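One chain follows as structure tokens, the form deposited in one PDB entry.
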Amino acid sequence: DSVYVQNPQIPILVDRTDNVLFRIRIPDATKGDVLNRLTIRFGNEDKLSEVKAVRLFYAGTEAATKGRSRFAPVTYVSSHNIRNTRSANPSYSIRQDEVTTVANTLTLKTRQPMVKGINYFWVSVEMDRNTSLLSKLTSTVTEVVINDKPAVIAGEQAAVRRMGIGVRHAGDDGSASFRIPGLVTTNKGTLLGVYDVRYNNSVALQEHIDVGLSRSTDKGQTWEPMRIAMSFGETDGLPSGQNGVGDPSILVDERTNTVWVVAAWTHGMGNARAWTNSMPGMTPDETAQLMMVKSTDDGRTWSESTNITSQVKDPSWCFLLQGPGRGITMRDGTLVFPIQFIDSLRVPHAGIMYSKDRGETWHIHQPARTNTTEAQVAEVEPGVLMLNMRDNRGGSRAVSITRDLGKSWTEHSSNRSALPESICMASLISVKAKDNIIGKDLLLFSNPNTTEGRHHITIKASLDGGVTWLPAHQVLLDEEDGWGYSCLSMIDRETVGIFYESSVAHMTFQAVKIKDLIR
């Protein structure tokens, strides 16, 4: 009688075989009831030529103790299974029907006799691999026929679906997982995304981890095969599992187009976490090392690593490392990487590291705030750096200002108020008025828009230097659960790129029109 439809706000991957378009719960079936046919409609302006196929799956029933409001018994398309992240797990979903030439109206059929109570069906959409990342589907379930009677359809299903691309899936190139995204746009308009390649599993340093890089010359439609930007293999005859390097941060020197990548190299430390096992000192045997590579050829090839630990780490610190994601060039040509150190009392502090000499020497002054870790920095107005910080107190981002490259710090009005978080990495960037179609200075921010867990990956825009984040100036990309880290970079004058850990792939790229953020 009554059917419930979900249109989940998750990215449709152009490189996937299956993407969840609709989840369907029939909660009160009589044994033998048959879903004869359901009709989908697409909006008049949708580019149906990019839709390769639409499939109807059956996924059986629910466990007696799991309640009646769920839209699935299990995840239908895995982002973690190293043997298949691209199609529906065939042991959870059985194909009922498939249409491979898609009109504005579309009928799918079954002859599946239902069980008493809850029955789960879902609709998969496969896109052509060359689908525009900027294309959108507006899709509705308009009719559901059970025992040759139309049924009453309920549910929020009006979502406007966006595309993305799975730049890295679990298992790709033999690597168990990929984590910790960074993204820049080079002066040539080339997108460069960095991440940990976590070969054995998904646990943080210490482990067998290298810094990977994906390059795109076509605004993320295609990604050139993975390069290893940084690696320490069997340095000093210690196992590769005791020579991990990761939590990368990337910046483009906008004066020279030299691209810089900083990461933490851990040498030894058994098979335990660096965050609690990195100790005071300076040598590789004693403490995590701050390591840098550069590219003078728009991110095609990477220098040997240089060790900048001695320049910038206080000996008493347990751990100095970059803030994962990206750094910046300021208007005056200063290169700035956010950093974080654990002091002698095991207390984490966020701050900034800068170079005034094109990355020859690096300096750190004063920490911004106690019990902060991962931070990103934007030049919100000339000579004024905004540091946006993960805060161990929970609930919301810490926001501070320096005008003296972190010799002194001021609380911003938005501090511990304007931006909710669950204690997770977040991305912040500034966009000059002349560099975007709105013709106004922007801050853009991305994180899991929640105080618990990691979900509702959202891009937010500010017109007033991060004093205010109006709800109207926000786009939700991923309402399902993921590892939550993200990084923003403007692609061109009209579109922002987000490189993030999503519900649909370890490294997900999406492109969003600025005019979708600020209407």
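Residue numbers here begin at 1 and follow the sequence given.
As for the form deposited with a small molecule bound, it is not shown, yet the points below apply to it.
Q: Based on heavy atom distances of 4.5 Å or less, which listed stretch (297 to 305, 199 to 207, 106 to 114, 120 to 128) is in contact with the small molecule in the deposited complex?
A: Of the options given, it is 199 to 207.
Q: Going by a heavy atom distance of 4.5 Å, is residue 319 a contact of the small molecule in the deposited complex?
A: Result yes; residue 319 sits at the interface with the small molecule in the deposited complex.
Q: Can you work out whether residue 180 and the small molecule are in contact in the deposited complex, taking contact to mean some heavy atom pair no more than 4.5 Å apart?
A: Yes, contact at 4.5 Å.
Q: Residue-level contact is defined here as any heavy atom of the residue lying within 4.5 Å of the small molecule in the deposited complex; does residue 42 satisfy this criterion?
A: Contact check for residue 42: no, nothing within 4.5 Å of the small molecule in the deposited complex.
Q: State yes or no: in the deposited complex, is some non-hydrogen atom of residue 485 no more than 4.5 angstroms from a non-hydrogen atom of the small molecule?
A: Residue-level check for residue 485: yes, a contact with the small molecule.
Q: Name the single residue among 139, 79, 258, 373 that comes within 4.5 Å of the small molecule in the deposited complex, judging by heavy atoms.
A: Exactly one listed residue reaches within 4.5 Å, namely 373.
Q: Would you confirm whether the three residues 247, 275 and 390 all fall within 4.5 Å of the small molecule in the deposited complex, going by non-hydrogen atoms?
A: Result yes, every residue of the spot touches the small molecule.
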